[PDB]
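Trainee:
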Amino acid sequence: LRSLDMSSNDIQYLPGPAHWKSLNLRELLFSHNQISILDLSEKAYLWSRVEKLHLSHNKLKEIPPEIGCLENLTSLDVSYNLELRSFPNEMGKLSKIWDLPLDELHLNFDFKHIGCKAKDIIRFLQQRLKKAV
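Counting in the entry's author numbering, the sequence shown runs from 1198 upward without gaps.
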């Protein structure tokens, strides 16, 4: 199952990468769902080929620290998640990301000095990986 789109449904919980049988998962679209907790704790490497993960307009609370394991993301749309507060440092390893929409995202971590360029956000998090004072 390469691509899957289930946008604008009423999805409560998507399962973690251990429940899915496929191995070529390359695009997941789940915008406009009632999703609370993105689960990536167990065997997050199975989604290592994902190249698009949209979760906009959900009830996401916190991006898991294991999100850095999805080393091949090119887009990640976690926009319009009001309850979302700050990005984890470990996200800085997604070196192939080129799109990271931040519209209507009241972030605790200040990137007003950075701006909106996604690569800058990623490099900033990558530097905060080494040391943060």
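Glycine included, each C-beta is placed from N, C-alpha and C at the ideal position.
Rounding to the nearest angstrom, what Cα-Cα distance links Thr-1271 and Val-1247 in this structure?
Mentor: Roughly 8 Å separates the two Cα atoms.
Trainee: Rounding to the nearest angstrom, what Cα-Cα distance links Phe-1284 and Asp-1236 in this structure?
Mentor: Distance between the alpha carbons of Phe-1284 and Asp-1236 is about 15 Å.
Trainee: Between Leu-1304 and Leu-1281, what straight-line distance do the alpha-carbon atoms span, to the nearest angstrom?
Mentor: If you take the alpha carbons of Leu-1304 and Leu-1281, they lie about 7 Å apart.
Trainee: Report buried or exposed for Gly-1289, applying the criterion of at least 16 other Cβ atoms within 10 angstroms of its Cβ.
Mentor: Burial call: buried.
Trainee: Roughly how many angstroms separate the alpha carbons of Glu-1259 and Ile-1234, rounded to a whole number?
Mentor: Those two C-alpha atoms are separated by around 7 Å.
Trainee: Closer than 6 Å by C-beta to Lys-1316: which residues in its own chain qualify, once you throw out the five before and the five after it? Chain order, please.
Mentor: Closer than 6 Å at the Cβ level, and outside the excluded window around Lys-1316, lies no residue.
Trainee: What three-state label does DSSP hand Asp-1307 in the structure shown?
Mentor: In this structure, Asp-1307 counts as coil in the three-state DSSP scheme.
Trainee: Measure the C-alpha to C-alpha separation of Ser-1292 and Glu-1268 and round it to an integer number of angstroms.
Mentor: Using only the alpha carbons, I get a separation of about 7 Å.
Trainee: Using alpha carbons as the reference points, say which of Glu-1239, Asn-1255 and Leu-1222 lies closest to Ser-1205.
Mentor: Considering only alpha carbons, the answer is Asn-1255.
Trainee: In terms of alpha-carbon separation, which member of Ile-1318, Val-1275 and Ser-1238 lies closest to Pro-1261?
Mentor: The option with the nearest alpha carbon to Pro-1261 is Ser-1238.
Trainee: With a threshold of 6 Å on Cβ separation, who are the neighbours of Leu-1225 within its own chain once the five nearest residues in sequence on each side are excluded?
Mentor: Same-chain partners within the cutoff: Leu-1201 and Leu-1250.
Trainee: By the three-class DSSP mapping on this structure, what secondary structure does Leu-1257 have?
Mentor: Looking at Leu-1257 - three-state DSSP - the assignment turns out to be coil, as it is neither helix nor strand.
Trainee: Please state the DSSP three-state secondary structure of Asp-1300.
Mentor: If DSSP states are grouped into helix, strand and coil, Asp-1300 belongs with coil.
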